[PDB]
Structure formats: C-alpha cells, structure tokens
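**Q** below is the structure, and that's it, no one-letter string:
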C-alpha cells in the first residue's frame, strides 16, 4: 500500500494491529484487521462450569471467506517500490493460499 | 550526450525507457524510445475468435526507419566523457548493424506476415497473461539471425499449416466435449439430491 | 445526468487539447478517458427525436481506439480524432436538445427522454471524467440532499406587478393619499403620495407602509439604497382603480425621514437599518418591509408656502420615493439571472423547434408567468432543464 | 498565434504550481512541458519595438533545464524556476506590448510583429498546452471556418447618437408631433410625444414607429422591456434642427397603449411580442422595430379636462416612453463588454506612448466612430488586437 | 493563508473527481496529494474559537491513508473519500470562521487566529498543491513584492455623500446660483443651476467647476458619459444650508456647452475628452475634474422667450447636468464591489455570532464609514479578511 | 538590484585594502571574491544609454585573475589590480548614470535599464558581499514584506505652502481675527492674531486651532516646541485673498496661554502635552493639531491701557505664536534629508542632460510638487532611484 | 552588558551577509561565531516580563548547528538559518525592552533585570564577536 514501514515501540498499551486498523482505509482488509483485533475468548458459564469458547462467526467457518477475499484483493494490487521476483513470488503464494 | 548516468532502482513502476524519454532532449532517439514504451497489442475479434494483432506500423515495416534515423543521430554526437576507443567500438557496432538495414526490413516484414498468417489459424480465445514457466532465450542467437538472414523468402507450407489447424480444432473439440459431459454429470448428481 | 456532463467535458477537452504539437505526457489522461468512453460506448444504438420538428436520427458507434504511439501528435492523428469528434459533438447536441423539450409533473428529478434513461444504466457508469463545473456539482449535492446554491448578478426574482393603492380617495381628485410602486426584475422603487401634505392629518406625520414577498430565500445579498424617487417623480396621468376615467399627478419630492428597512424572515426580524443609504447588506431574509413618513416642513419660504395652501384647491402634491436594487445574490433554488444565459438557450430551442405547449411551463417561457406561481415540481423540472442547458452551452459556442 | 497563448498559459500554470514543499509527482507534466519549452526556445534571438516611444529591446536565451532528482521541491529549485519564469513573463509582456499598437489594412488576421512572425514558424509548433480559455478557443475555431460565439455581459453594440425626427411642426414650435430617442451604451429609450394630445388626430389615435438597425447579428438576447421611459420625462429647452432657434418641451407621461415589439432577421419576422412587459427572450435578430399607439383618454376629470384644451393654445404636451435593455447576449464577433478591461487595455496602450493614427483605427480609439461604420477588415483587426489584449490580461492581473 | 487555500483546493478537487466509474490513471495526482496531506496533518491538534457566540471545538487528525489499486474506482473508495472529505470540510469551515471576526491594529497583514498561527510553521509547508485563482495568486504575488490587481464590474468607490455648494445665496431663497451633485454607488451625477440664466456674468456664459477625489488609485477604466442629468430634473424641495428652512427648486434642462472631462493624476492632465458623449476610457487617474458651461441660447421662440425673463421674478430655473458612471476598473489594492459576494460574506459571518465591534473595522461593516477614513492598516485588514472569505467561498456551494 | 550594491561595495573594499606592502594573508577573502567576480563577469557584453544626451557606450570584459604566489603585495600586483578596479568603477558609474534618469508608471520597483535587467538574471547571483549599508539593507528587508525604517536628520516632510485663513473680517480690513502659519522645510510656525485684543470676545478669551496633515507616518520624533514665533512678529502689508486689495498688520506678541499640543494616529489620540515648552518625544503620529487660547490681560498699565482701546479705532493688533521643529525622526518610507546629497544627486543628474519630463516625476524635480500629491507608485519609484543614487554616492566621494 | 551588544552584532551580520550566492570564504568567521553562540546558548531557559504590560514569555534553545558543507549558500540553507534567526531577533528584542523599563538609585552600572544577570555569568562569556561600535 505504498506506506512507510511501521515505526513502533515495544510495550505500548495498544497492539500494532489496532494502529493498522486506524491507518488503512481499504474496506476489505481494514474490516478483516478489525475482526482480528477484537477477537478474544468469550467468558461464559455453563451448568456452573466456567469455560472459554470461540465466537460464533468463526465457528461456522465464515471468516475464511473474508480472508480469501482480502488475499485476492492483495493479489492484483500494484505492490509498488518492490523488486520483480519478490513481488511475483509473494502474490503467487497469496494466490496459492487463496 | 554525456549526461549523468541514471540509477534505475529495481522495482519502480516506471521503466528505464520511460525515464530516458522524460530526460533526453534530442528528437529522433526520444521519438523511438516513446514508440517502444507504449507499443501495446490491440484486441480484435475476427470470425468469433479473439486474437492479438501488432500495430499497423509494424507489419509494413516503416517503423524500422524511425529506428535507424535515431541510431544515425547516435553516430553524430561527440561522445564526451569517454575514451576514443570506446566510441570507435560503438561506432563499429552501430555501423555493422546499419549496413544491414534492408536485411532487417525484410526480416521484420517476413516476421509480421508469417505471424499474421499462422496466428489466423487458431480457434481458441487467447489472453496476454504471464504464466509461471518462462522460456529461456539468449540474445546471441538473435544477433546471428540479424546478421545472417539473406534473400530467399519463407512461406509456411500448406500441408504443415493444415495439419496444425486439424490438431488445434481436434483439441478444442475434445475440450468442449469433455466440458459438456462433466457439466451434465455434475448437474444430474446435484439435482438428484446426491450428497454422499 | 452526470454522464451527459462527463461526455461534454471530455469532448471539450479533446477539442481544446488535441492540436498538432503538444507532448503526449500532457494528454495521456485525456487519451485514456477517450479510449474508455469509446470502448464502453461501442455496440449500442440510439434514437432521438419523435417530438417537435426534430428529425428522427439513428446513431451507431463502431469507432476503433485512437492511436497511442507518437511522441508528438501530428496532423494525421488529429484528423483521425476529429473524424469521430465531429460525430460525437453532433450526437451530444441532438441528445441534449431532445431532452430539453420535454417535461411533466412527475419525474421532476429523473430524466424523461429515452436517451438519458438508457445511458444512465449500471454498465455505462464507467464514464465520469470530472465534476469541476458548478451546475453539475450542485446537482450531485442535491441528489444527496445537502447545501445547494449558485451565484448571480442582478437576478430577476421579483415578478412584474405594477400596482398602486389608495387610502383616501374620491372622484373629486383633490384629496388623494396612497402608495404606488413598480416591481420589474430586481428593481423595487416605491413612492408614497399625499395630496393634503398632512395638513388635516393628526400630529403632522403621515405613515406609509408596503410589504412585498419573495418567492424564495436569498442569503448574503448586497443592496444599493437611494433616498430619492427615480421613476415616479414626474407628472403623470393614470386611470382609476376599477376604471372609469383618469386622474392627474404632479409630484414634488421631499426628503423622507425615519426611512426604516426591515428584512423579515418567518416573522422574526433579523437585520435592521435606520436612516441609512448607500450600501446595505442582509445576511438572510425572505421578505422586504419598507416604512417611511411624510413631515410637513416646520419653517417655510414663499416659493414653498405658495404651493401648500391650507385651503382645498391643491396644485403640487407631496411624494417621496425610494430606490432598492439587488446587485448581487446567492440563492438556494434555481433562478434566472442577467449574467448567465441558460434561460435564453432553452427559450431559443423551444421557439426555433416549435414545441407544443406542455402542462408545466407557461407558453413561450415567460419568466414572469413562470415565477408568479412557483411550485416544487416546476422547480425540479427547471433545475433539470437548466443543468441540461449548462451542459449544452459549453459545446456549441 | 496560438504559440503565444500556450506560452502565457504555461507560465501562469508554472507560477501557480511551483511552490515550496509540494511533491514532485504532481508537477511532472508541467516539468516536461517546461523542459520542452526551454529546449525549443534556446538559440533564437528576438527583436521588439521600434515605433513611437516603445523601448527597443534585444533578447537572448541561454538557460539550463529542470532535472528530476528530488522527491519534494525545496526552496532553491523553486527560486531557480521562479527566476527563469519572471524573465519569460517579461518577454511575453514586451512582445504583447509591441503587438498591440500596430495594425494593417490588408491581411489583418495574420501576425505583424517581427517576433510574432518568427514565432509562427513551424519549428516552434511543439508547445500548445491547451486552448481552454474563451478568446483563444474562439480564435482557434474561427481559424477552421466554423461558427463562433462570445459570452458577453451588457454587450454595448448600440452606437451613441442622440437624434429626433419631427412629424408635425409649426414654424415657431407651438404644435409638435414627433419622437425622441437616445441610444446610450446597451440601453435604448424611445419616447413619442404629441402636442395635440390626440384632439385633432385621425380616429383620436396617433401612430408611432421607430426602426434601429444593428451592424452585427446577436443571439440569445434576454430583453427587459420596461415602459415609462425616463430619458424624456422632464422639462427641456433644445435647439431646433437647423440650429437657428429653440423650442420648449412640457411633458406628461401617459399609458402606452398596445405596445408592439418586433425582432427581424434578413427581412423576415422572427419573434414578436404584444402587450408584454418585463423580461422576454429573443434567439436571433438583426433589426429592432418598436411601434405602439398613443390613445387619448376617452373620459377625463376637471384637472385633466383643463390640462388638454381642444383649441390650439397648448401648455402641456403628452408623451409615452419605453426602455430597451440587453442584460445578456451572445454575439458572433468581438465586441466591447464590461466583464473585462480588453477595450480599456487597447485604449491605454494606444494612448500611453502616442502612436500616430494609422489607416484603420480612428484617432483615440473612440468607440463611437469605431462602431459607426463597421467593416469586416476592421472587425478582423479588432479581433486580433483583442486576442492579444486578453493574452496580456491573463499574465498581469 | 496559502495552506488554507491549498487544503480548500485539494478538498474541492477530490470531491469533484472521486466518483464511481473513472479510471485510476485519471486521478493519480490527486490521490498522491491526498495521501501526502493526510500524512502531514495526522497526529496534530487544533482548537478554534474563543470569542463571541461562536462555539469552541477541538480538532484531531487520525484518518488513515488511501492506496487501493483498482482499474475502475468502486464505491468503497468513494465512501472513504466522502467521509474524510466531509470531516476536513468541517474543519476548514470552522477555522475560516474563527479567522474571520478577529482583527488587529499593528501588522494587520499577519495571521491572527492561533490555529492559523500554528498552521504557518515549517512542518506544514509541504502541502501547497496549486494556487489557481485571482485573489490567492494576487496575495502570493504581493508576498513576493510585485504589482497586484483585481478585476471588477461597477465598483463602489464613492462614499454616499449628497452635498450641494452655492456661489450666490439669498435669505429669501428667491434668487439662487449654485451647483448640486450626488455620488452613490458607481455613479456620479453633477448639476449646476442658475436662476437668471447668467444675465449678470460677462458674455452670458456661466462656468461651473467640480472636483471629486478618489480614495485609491484606479487604472484602465471605461466610462459611460451622458449629457443630461437624471436625478436633478424634478420639482424638489430640499433642506437649506443652515438646517433651518426649506427652499424650492424648479428645474429645466438645456444642452451642456463646451463640456470638458478631465482625469488628472497628481494634478497633471492625462486623459481629456471634449464633447465625447458615449463611452470613453482613461488609463491612469486618481482625481476627476468636471467643468461645464451654461450658456443662454442666442435666439429664442415665444415659449423660451418668455419663460426666461430678464426681470426679477422667476417661474423656472435653468440647470444642466452630467451623469458619469464607471462600468469596469482594475485597482492595485483590495476593494469591494457589487459584482461579487465578499462583503456580504464578511458581514454575514460577523453578525452570525454578534461579535463585539473590533478595534479596527467600523461597526456592522457600514461600507461608507469604512471607506471614509481609508487607512493603510484598515486596507491590510480588509485584504486579509477578503482573502480568507474568498478561500471559504470555494467550498460551501 | 542587490548585485549592483555588491559590486560597488566590493570595488570600494578592494580600493581600500589593496595598498603596497600589505601582507597577503589579510586580503584572502577579497582576493577570492574578486576572482569569483571576474570568473562570472567575463563573456557577457552590456549596453547603456540611448536617451537624451547620455553617451551610448558598449562594454567588453576580458581580464586575467589574481593568483596566489606572493607573501606580501608588491607595487606591480597592486598596479594591475588597480587598473582593473578603475575600469570596473567606471562601469558601475555609467550603469548608475543610465539607471537614475529613467522611470516607469507600472512595475516601478523592478529594474528598467537593459544592463540592470540583464544583471538580475540568475547566473550573476553569486556575488553578494554584504548588506550592511542602510539603504541597501532597507531595500532588502522591504523585498520580503517587512517593516522598514530610516534614520533621518531634519527630515523635511512638510510641503511649502504659505497660507492664512481669516475668521472675522471687515470689508476694508479694520477688524481682523485669524491665523497665519508658514510651513517651511521641517519647521512649522503658527501665529494667531486678533484686532479686538479680546475686548469684545466671548468670555474675553479667543479660541485658536490649526490642523496640519502628514502624508507619511513617522516615528520617534523629538519635537522642540518653542513659543514666541518669529515668522509673524514684524510689520507687514500683504494682498487680500481675492487679490484686489491689501491690508496692514501691526503686531504685538503676548503670552500664549494654555498651549495644547496633540498628536493623533488613525483618528485616535496617541500623545498629548499641556503647557510644556522645550523638547518632547512622540512615538507614532500622522496628524498634528495645535490649539491654544489668547487671554486678555486682566489688568493693565497706562501704556498698555492706551495700546488697546476698547472702541473700534485700532492701531495695534495682538498675536501669539508657536514654533514646531523636528530635530530628529524615523520614517517608514524614503524622504529628503540633509545628511547626504541623494535628492541633490537625482536633481543634478536629471538637469545635466535635459531628459524630457516623463509621466511620473513633475518637471525639474521640484520637491514641493513631488511631495504635494503623494502616491504609492511615486514612492516606490523614488525609493528605487534613491537606492541607485546612494549606490553612486558610495563610489564617487 | 557586552554580551547583549555581541548578540545584536552577530544577528545583524547574519541577517545582512547570509543571502543566496555569497562564497563561503566570506562568512566562515560568521558561521563559526554563530555555532559557538548556539552551542553555548543551548540547554538554558529564560523568562522576561512581569512588569508593565509586557506579556510574560518563556524561551528555549534546542537548535542544532547550522550546515557547514555547501560552497555557495543556497535557498534552503538560508531558510533553515532564518528559522532560528527570527526567534533570536524576537528574544533579543524582548530582553532589551524588558531591561529598558527598570531603574533604581543603586546598581547604577550593574544590570537590574534577571536576563542580564543570568547571561553575564562566567560560562556565557564565550560569546563576544567584536566591540566596533
């Protein structure tokens, strides 16, 4: 996306993914980054037994479609200021996983 | 022209020829570079088959002259900030390539006609997309071809052309038949509520 | 309607930048836009006409991509480009003229002709060069229901109604007292006459009033104010209110005092000006209120005392007059002006091609009749036709 | 000719865009244009002036280029470019100043100055940024035998000529019937006066007519026809036609009856309007013919009855008046306007250095005589000089 | 100043260029500029307001960059553009409003608002996309110390001051000889009146002179000239000199004789025209001197032969008058006009929050009061305010 | 412009430092400067003159350098350098002589001469030794829109205009009450005279006032207010205002009572002083208003009682007087002074070769008319010519 | 009081000699003086005002050394120099104005304001360009 490499300091109260979320205005990848940002174990109680369970959205297998769409969006991206073979390999591996 | 040599980083969206076009001042060389920069294919639909056709300035082979004039300008400048021997060697090379202008013109016209006639014998859609496996080709063979071509023309043999056309249409028909068979089987399977 | 504006802008840019000599690096964007427009406009057939005297014509589009090779555009490339530029200009002219001569009660914003209906589909939305001009951008903002407006110089907003009222009158034509005014375009001049010169009137002060409503709202308007009558200070002969004969007028002009101007909006007073002339500015209003009083001068000189006798037979009745000119305005609804000429173009097309009268516009595009009964459907149809006219007015100069 | 407009527009755009801190990726087009201009301009000298007091100057051209090495413009690069730009601006200004004054009877559409004539050579044809501006686009379109136009505000086209024509005249001016009109600027006011007040007139109705020609065909004219003219509604005393005696004028303004406004072209009727006041629209006209009728009041009142004695003794003449204004119009040829200072620039440059009067322009650039006898060669020369003037006014604000 | 205009231009171009359909190679430069701007402004803070009724807000910047690569722009990019553009529009509107109503005495050309003061540092110096307009470019050139200028249509340079000067008076006001003139808006109308038709001065010719000063230098002005007064030709009763009585006025009009109009600079004659009624042009002037002569007609006819008695009593006085109107001019300093929308913007923003009157501008922007004692400091403050208003007017449409 | 000052200063410093016997290690800086100047100067020709009797001269440049081989300067090296230096001095003198005479109405702050205009090109910008001198530093600071100043001694700013205004006047001048003032140079002396000697005055006190404007704002003015003026304290016989009769003046100087000195700016009160004589300090003023009172002696003595007869017969009028001197002041714009010969240089160069009077400077450089009607363009042109004059006076002593 | 005069002289010389074009060999002395003054003026905080209507202001000095590389001073270097020249001029103006409005019977020769007292210590004595006036 033609942006400077993320200067960062270890130990900030916010994870780098939050900064990524509030710095990219490409709707697909931004939404995916937000979903990963606020993906945490859910605290529930069943029959007096405490458990940590996943969110429903990932449980039915739906986030993979979002990941595939974001990857395909990255596939045809310009990818500026990068050498030829490295960019080609990166986007072809992304296509492979998509 | 003795201008500071460019450092084209490997990975910029721009091309070295584009920067050279935006930099130099002389007319013919800039015109030739501009021609080689944006010369893209044209998609043309003929007889229900998609094809790629070169620009009309390439089939009649006039653009080669628009090349040579530029090269001729390259033989006029004094080549400052260079020793005499380097200039002598470059002038020798450009002169050897120049004296064979007619051979190059004939070769280019022959290539254009042969490509058009042969490519007009395919019946499947074609697209300009780079693939994974890439063909290896050294330029020494190209130099040999440009220095060794003669006078006899070469026209594809009708028997070979017809054999190639028959093979191509056979392949296309086989592909379509298998596609239809698979589609029919899958449609029937998914409409009969098969899921195991 | 954006597609038509984009097409017009592309055609004008092509006709103004494609001349022999310009470097290709200055028209690469234009060539890309042109190629996209042509490739998206191929394989479609259009028909225009069927109403008025417009000759029905059919159109095709089988034009190949323009050349993309030469460092400098030579003459042959320019001629090849113009070979389809002329056709495109003719087509756009015909389409916009066809659209201009149709209107109705409903579909006030949406286009009504076939050409705009077919062009505004999903697939053709690939063509939009820019939205730099005023009218198209205002139209787009209206489509999102946001703040709109334009700029004009001396706009005709006040309809034509040459009216006068009498407060005290009789067929003797010796004791008259009333106000007469003229409203043409933007020039509001009011005059209040009093035959008695306020001799019998109590307190020697006679009060006049006048209220004029505006059909729309004007914001940040500059107004020139003058204290003396400039159109009702000469001898006149005028007929009766209901009409049986004519009376006589021979004015003499004082200097009105307590000249108060009120810019009233929704019954709330916003801007107040007292005893001021020259330059007056009102931030926002929709009505104009004028008030002035006539004072018989306390001291006298023989040439004055001979013309206001305490007796009954008068000779020269007193009258004041004010000049109110709106020399600049920014409005919200579409209105005709003096600087622009879109109304002129619409009326020219209507008169030349002899359109049958519709149920919306008054015949002959009479501006006064159109504005006397302003309605929202009229406003939307007029906004559409004016935007089409502005699109047209930059291709055939 | 187009070379000069390209140079001026490129210089203005460069002065607009080259400011400290901007990213180079936004001025690549202008950088290429400027480098091409510097490459083609160098090596050719120029000479300007030589007539009148205009300063003779010689010109050289030896400048570097503007390379591509930075990512954001710094102060020094901007300063170097600005130093070159100001010199080129002075060059353009001096060339224009030389070009504006001179003229020619023949070939009055071709360049005349030595610098401009050398500029028209083919080897300079590689610099044409655009033709978006109104005057240059009109010039370019007129180059190729096409219809043109000009958006004008208050387009003064009526020559100033105060004149009257009597119809009935006593030797000592005691019984007059005639018309007074005054055509100032873009404003026509015509008044029809009678001394008899239609007491001896045939059928008690007096007929009035007036025809005013126009040397150049206009289009899309918004006409404000306001009755009750002001130019002749007050007492006057003027000399007679032979200049050997005078006469009096005691006016009373009546109601103009059955106002007829006609617009003609080529000798046929184009657009007509009966008894409509306010704003009307005309699309194509060359001659204006205003006619109407003055109607005697069928019944009177004591003051009115005394004011119009049937017998010869007269002390109050009656008159009706109309006002004709062109608040907007589009013409096919260059004309004086009020939205710029083009004619002002021509006059100022002509008068500043006192060029002796040539064979085309009347002395002092008095617009009345220039517009009096309009000839196509004069129109072409004025078009060229106005194009050069608009070029000048697009560099110095 | 320049930074604010850069932001306004970038935002307007982005909102006029980002829409579904267009090719990516069409708005590449604008996207680059937008990313540069959002990088530069990110992470800072501002707080505008703190005076008057204007509410105080606090602004932050955290918007992410763009960079999506699509052959056809889709609606997601449009949505992001709409949101960020709206936020920046609100920010620029608020900062402009805060910049408006603040004034300073010493060094008025300098910025005043704290936000703008922080906005002219070194780290904001990158984003200067373009300066393509009249006012902003004039400001930029003034910052470089070169000649300035503006275009105008009917400027209001003459403060409204209706005054009358007498050369011979009388306690009874039965015998007068003097002049009267008014100067409102873009009009000057002067008239000189006599009661005895100059049968007391030698050669039967009376010569009035008139001198009017100009508060600022003017160049390249076209003048409409009319040889007949429009305002002083009606029966009028006016106030006396001492404000103690009222005098009569019965006018009649003759032809002006030997009319000389003089446009003088530093008391030196530059442009002179004799009997040139219609349109004349003056190149560079700052003082207007008008002289006309009222001459008794040599030969008479019964009406005029009686109405001008050589004895004492008079029934009608003689007067001549000239109407001088300037239609267009260019000034080297900032001036208001009735043909734009600047002063209205200033007064609307000022009265929007009922700000207390500043220590420089007169109350309520009474234009006459401001132009009366035209001070250089007030000129600089007016320049800054009008420039900021012009920056604001480019967005709110 | 700065190039010329750099050249002059470098030449003067070289003439100062290059003397026989000095050690080379003390002129290394100037040697480098001179070598750079010779390197950049060579190869470019020049032309000066062409107007009036000024000698037209052509210029060439082919000179060696000044190498570094010695340890102490010998006679021959000094002679070679001196021979080059004198030629360069002649070059500078002739360029200045060409520049001083000419002028321009527009762009009157930019170079005009061909040599200077060519010098302003960028490739000469490598020579700027310093800007320590007052005038060049002020020019440089004014280049970048900053407040300036000038240390002036006896800064003559008051135009010479001897005038008086009567207040009470008999037809034959036997009972006069009025004021006499004379503003010569930087010296103001105002006298208030009465014939009644306050015998019939209201409250036995006569009021005197006098307001003198100033076209340019000063600062830091040390004002010496000395009573007992000398300009009007001796017998006089002068013509009256109409120039048809004369009058006598037999003065007696009394004690000025309650002297009030006020200094205003922009229409407000800045600094005031009551009943203080001697030296006072004013910091910022534009208008000076001197007012005071003449008090009749409450009691008299035989000679005094006879000298002021109560009745009308008068033979000794009374008068009070004040003197206003500006012994030091700082202004913001260039003005005539007495610490140099700048205005003297301008006048001498103008008169020596008889250049015909142009469109800005009044004939003969008479300071009275030049300072009478002060306009910003005139001020800018005078600033440029005075800068060039100060450049000349820094080379020829 | 010598330090104030030296500062004023340095500021005037910098504002009159640092323009685009002058050879570096003519301003080497001035650049050395400027660098010495800035390095000796870093890390100190000053306060002026408190009497009259002078607005109390605080000052810092964290300005790096000026460039010392280019043969001819181009525009960018001049702008960088002026970015602190303006600040220095404002500071000196405020300090001298603050000093001007205070006096007393004693301390007739010695300075009375805080700024001059702090500046005239031993360590700051490293700055003295000349005493020409």
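**A** Good, I have the coordinates. Residues are numbered from 1 along each chain as shown, chains lettered A, B, ... in the order given.
**Q** check whether stretch C:305-322 comes near chain D.
**A** No - judged by C-beta under 8 Å from any C-beta of the partner chain, stretch C:305-322 and chain D are separated, with a smallest distance of 9.6 Å. Bear in mind the C-beta positions are built from the backbone N, C-alpha and C, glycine included.
**Q** show me how far that stretch is from its chain's centre.
**A** 41 Å (C-alpha atoms, centre = their mean, to the nearest Å).
**Q** please apply the same query to stretch C:156-172.
**A** Distance of stretch C:156-172 from its chain centroid, counting by C-alpha atoms, centre = their mean, is 25 Å.
**Q** need the distance between the two termini of it.
**A** Between the start and the finish of stretch C:156-172 there is a gap of 39 Å, counting by C-alpha to C-alpha, to the nearest Å.
**Q** mind listing what's buried along that stretch?
**A** C:156-160, C:169 (16 or more other C-beta atoms under 10 Å in any protein chain shown).
**Q** what's the closest non-adjacent residue to the residue in chain C that chain F sits nearest to?
**A** Taking C-beta to the nearest C-beta as the measure, chain C has residue C:278 as its residue closest to chain F, at 20.3 Å. Nearest in space to residue C:278, with sequence neighbours left out and distances taken as C-beta to C-beta, 6 or more residues apart in numbering or on different chains, is residue E:160 at 3.4 Å.
**Q** that neighbour falls within a helix, correct?
**A** No - according to DSSP: H, G, I helix; E, B strand; the rest coil, residue E:160 belongs to no helix; its state is coil.
**Q** and it, how far is that from chain G?
**A** Applying C-beta to the nearest C-beta, to the nearest Å, the value for residue E:160 to chain G is 40 Å.
**Q** that residue contacts residue C:280, doesn't it?
**A** No - with contact defined as C-beta atoms under 8 Å, residue E:160 does not count as touching residue C:280 (10.7 Å).
**Q** show me the contacts for the residue of chain C closest to chain F.
**A** When contacts are counted by C-beta atoms under 8 Å, 6 or more residues apart in numbering or on different chains, residue C:278 is found next to C:224-225, E:156, E:159-160, E:184-185, E:367-368.
**Q** so it versus residue E:338, what's the distance?
**A** Taking C-beta to C-beta, to the nearest Å as the criterion, residue C:278 is separated from residue E:338 by 11 Å.
**Q** what's the overlap in contacts for these two?
**A** By C-beta under 8 Å, 6+ apart, residue C:278 and residue E:338 have these common neighbours: C:224, E:156, E:185.
**Q** can you show me the helices along the chain?
**A** Because you didn't say which chain, this covers chain A. Secondary structure of chain A (DSSP state H): helices at A:16-21, A:27-37, A:56-59, A:63-75, A:84-97.
**Q** chain C is the one I meant
**A** Listed in chain order, the helices found in chain C under DSSP H are C:2-17, C:28-41, C:75-100, C:114-119, C:134-143, C:302-305, C:342-353, C:367-372, C:376-392.
**Q** could these be laid out in JSON lines, adding mean neighbour count?
**A** Written out in JSON lines, the entries for those read as follows (neighbours: other C-beta atoms under 10 Å in any protein chain shown):
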{"stretch": "helix C:2-17", "mean neighbour count": "21"}
{"stretch": "helix C:28-41", "mean neighbour count": "19"}
{"stretch": "helix C:75-100", "mean neighbour count": "17"}
{"stretch": "helix C:114-119", "mean neighbour count": "16"}
{"stretch": "helix C:134-143", "mean neighbour count": "18"}
{"stretch": "helix C:302-305", "mean neighbour count": "15"}
{"stretch": "helix C:342-353", "mean neighbour count": "21"}
{"stretch": "helix C:367-372", "mean neighbour count": "18"}
{"stretch": "helix C:376-392", "mean neighbour count": "21"}
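**Q** can you tell which of these is closest to residue E:233?
**A** Go through these one by one with C-beta to C-beta and the one that ends up closest to residue E:233 is helix C:302-305, at 17.9 Å.
**Q** same for that closest one, what does it pack against?
**A** If you count contacts as 3 or more C-beta pairs under 8 Å, 6 or more residues apart in numbering or on different chains; DSSP states H and E, helix C:302-305 packs onto strand E:246-249.
**Q** make TSV out of the shared contacts of residue C:278 and residue E:338 and add distance to chain D.
**A** Below are the shared contacts of residue C:278 and residue E:338 laid out as TSV (distance: C-beta to the nearest C-beta, whole Å):
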residue	distance to chain D
C:224	16
E:156	15
E:185	15
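**Q** need the contact list for the residue lying closest to residue C:227 once chain neighbours are set aside.
**A** Leaving aside its sequence neighbours, residue C:227 sits nearest to residue C:277 (C-beta to C-beta, 6+ apart; 5.2 Å). With contacts defined as C-beta under 8 Å, 6+ apart, residue C:277 is in contact with C:225-227, C:259, E:160, E:184.
**Q** if we go to 6 Å?
**A** With contacts taken as C-beta atoms under 6 Å, 6 or more residues apart in numbering or on different chains, residue C:277 has the following neighbours: C:225, C:227, E:160.
**Q** how far away is it from residue C:212?
**A** Noted for residue C:277: a distance of 19 Å to residue C:212, by C-beta to C-beta.
**Q** now do residue C:137
**A** When residue C:137 is compared with residue C:212 (using C-beta to C-beta), they lie 33 Å apart.
**Q** in a markdown table: the contacts of residue C:277, plus distance to residue B:122.
**A** Formatted as a markdown table, the entries for the contacts of residue C:277 read as follows, by distance: C-beta to C-beta, whole Å:
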| residue | distance to residue B:122 |
| --- | --- |
| C:225 | 83 |
| C:227 | 90 |
| E:160 | 86 |
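**Q** so residue C:336 makes contact with residue C:345?
**A** No - the pair formed by residue C:336 and residue C:345 falls short of the contact definition of C-beta atoms under 6 Å, at 11.7 Å.
**Q** dihedrals phi and psi, residue C:373?
**A** Backbone geometry at residue C:373, expressed as degrees, to the nearest 10, gives phi -130, psi 50.
**Q** could you give the number of residues near it?
**A** Residue C:373 has 10 neighbouring residues, counting by other C-beta atoms under 10 Å in any protein chain shown.
**Q** how much space between it and residue C:363?
**A** Summarising the geometry, the distance separating residue C:373 from residue C:363, computed by C-beta to C-beta, is 14 Å.
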